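Colleague: So the protein lines, in turn, are chains A and T. With PDB author numbering as the guide, the letters of the first sequence map in order to residues -1, 1863 to 1864, 1867 to 1954. Each residue of the second sequence is one higher than the one before, counting from 557 in PDB author numbering. For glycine and all other residues, C-beta sits at the position ideal for the given N, C-alpha and C.
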Amino acid sequence: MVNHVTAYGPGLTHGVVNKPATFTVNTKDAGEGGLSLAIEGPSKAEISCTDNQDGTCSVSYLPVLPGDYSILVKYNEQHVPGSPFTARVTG
Amino acid sequence: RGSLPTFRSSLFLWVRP
C-alpha cells in the first residue's frame, strides 16, 4: 500500500479505554478534495478534529469499550496508504 | 467481526488551500 493525503500516529495502532487516542492527517500538497474519517468498533467513539494551521490535522477519538477499532481514512473516495487501519484498544 | 454490535462515527471535511 503506497503512493496524496497521509495518516500517522499512535491512535492508528493502539489506544486505552476512556482516554483520547490520537493521530495526524497530513494534507500538505494534497489536491483539494473530500477527506472522510470513520471509526468502527465495539463502541460509538467520539471523534474530534483540529486544524493545526500547517496543512496538518490532529484527530482524536474516545473509545469507551476495549476491543478492535477500524479507522478508515479516505481522500476523494480512495483509501490513504494503510487505510483501513486497526487499533487494539485495551482496558 | 460481527459477534458484538459494531458502531460508526464519521466526519467529512473539504480540504482546500
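1. Nearest by alpha-carbon distance to A:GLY1918: which of A:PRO1873, A:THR1876, A:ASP1892, A:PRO1947 is it?
2. Using a Cβ-Cβ cutoff of less than 6 Å, which residues in the same chain neighbour A:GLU1909 once the five nearest sequence positions on both sides are dropped?
3. Check the DSSP bridge columns for A:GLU1909 and list the partner residues they point to.
4. Taking the alpha-carbon of A:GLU1903 as reference, which of A:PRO1929, A:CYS1912, A:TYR1871, A:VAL1868 has the nearest alpha-carbon?
5. Nearest CA to the CA of A:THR1887: which residue from A:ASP1931, A:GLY1894, A:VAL1922, A:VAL1879?
6. Pull up the distance between the alpha-carbon of A:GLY1954 and that of A:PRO1947, whole angstroms please.
7. Taking the beta strand (DSSP E) that A:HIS1877 belongs to, which residues open and close that run?
8. Quick one: list the residues of chain T neighbouring A:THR1890, beta-carbon separation under 8 Å, in chain order.
9. Using beta-carbon positions only, say whether A:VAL1927 and A:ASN1881 come within less than 9 Å of one another.
10. How far does the beta strand (DSSP E) with A:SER1946 in it extend, from its first residue to its last?
11. If I'm right that A:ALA1950 touches A:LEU1898 with Cβ under 8 Å, what's the distance once you round it to whole angstroms?
Modeller: Taking the definition as stated:
1. When each option's Cα is compared against that of A:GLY1918, the closest is A:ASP1892.
2. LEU1925
3. A:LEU1925
4. A:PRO1929
5. A:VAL1922
6. 22 Å
7. 1877 to 1879
8. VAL571
9. yes
10. No beta strand (DSSP E) holds A:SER1946; DSSP gives it neither H nor E.
11. The Cβ separation is near 19 Å, so there is no contact.
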